[PDB]
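A.B. asks: Dropping a structure here in structure tokens format, bear with me for questions.
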Amino acid sequence: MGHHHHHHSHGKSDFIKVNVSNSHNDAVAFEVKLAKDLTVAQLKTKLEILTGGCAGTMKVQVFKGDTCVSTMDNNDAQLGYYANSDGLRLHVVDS
């Protein structure tokens, strides 16, 4: 169905596809796209509303299989800083 096509010329398209799951909550978001220009604090605020938990007690950790890639400890860090690859799994820890 078409061997070639043209771009929509939308412009900015820096987004990655990752899976998000919450610990103390049955709410799970699948195939959620997020801009890489988003900061960690901005990610916590967006997730805070989604999980309704407390961003001051909510922690975010990166998981990729049976080994953890890294934990967002630097707030002044960008989302694409640790999530520069798709297929990653983010686990929200509310405690």
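A.B. asks: Give, in nm to one decimal, the length gained when the segment between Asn75 and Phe63 is fully stretched (0.36 nm per residue of separation minus the Cα-Cα distance).
C.D. replies: 2.5 nm
A.B. asks: Report the relative contact order of the chain, percent, no decimals, based on alpha-carbon pairs under 8 angstrom and at least 6 residues apart.
C.D. replies: Relative contact order comes out at 36 percent.
A.B. asks: In addition: Quick check for region 12-72: number of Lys pairs with alpha-carbon distance under 12 Å, counting only pairs 8 or more apart or on different chains?
C.D. replies: Close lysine pairs found across region 12-72: 4.
A.B. asks: If packing is taken as the average number of other Cβ atoms within 10 Å across a peptide's residues, how do 29-41, 5-17 rank, most packed first?
C.D. replies: Order by mean packing, descending: 29-41, 5-17.
A.B. asks: Now for a separate question. Counting helices only, and only those DSSP H runs with n ≥ 4, report the 222 nm mean residue ellipticity of the chain as the sum of -39,500 (n - 2.57) divided by its residues, in deg cm²/dmol to the nearest 500.
C.D. replies: Calculated mean residue ellipticity at 222 nm is -4500 deg cm²/dmol.
A.B. asks: I'd like the orientation of helix 40-51 relative to the chain: the angle between its Cα long axis and the longest Cα principal axis, in ° from 0 to 90, rounded to 10.
C.D. replies: So the inclination is approximately 80 degrees.
A.B. asks: Can you work out the FRET efficiency for the pair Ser9 and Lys33, with r the C-beta to C-beta distance and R0 = 22 Å, to the nearest 0.05?
C.D. replies: According to the calculation, E is roughly 0.70.
A.B. asks: Provide the per-residue ³J(HN,Hα) series for region 69-74, in order, calculated from phi with Karplus coefficients 6.51, -1.76, 1.60 and θ = phi - 60°, each as a whole number of Hz, with x at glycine and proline positions.
C.D. replies: Once θ is set to phi - 60°, the couplings for region 69-74 become 6, 5, 10, 5, 9, 8 Hz.
A.B. asks: Where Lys and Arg each count +1 and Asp and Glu each count -1, what net charge lies around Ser85 among other residues with Cβ under 13 Å from its Cβ?
C.D. replies: +3
A.B. asks: Sticking with this structure for a sec: Please find, in a Gaussian network model of the chain (springs between Cα atoms separated by less than 10 Å), the residue of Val62, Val20, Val28 whose mean-square fluctuation is greatest.
C.D. replies: Its mean-square fluctuation being the largest, the pick is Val28.
A.B. asks: Quick check: net charge around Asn25, other residues with Cβ under 13 Å of its Cβ, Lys/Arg +1 and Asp/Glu -1?
C.D. replies: Local net charge: -3.
No value in this document is a laboratory result; all are computed from the given coordinates. Positions of Cβ are backbone-derived with ideal geometry, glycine not excepted, and every protein chain shown enters the neighbour counts.
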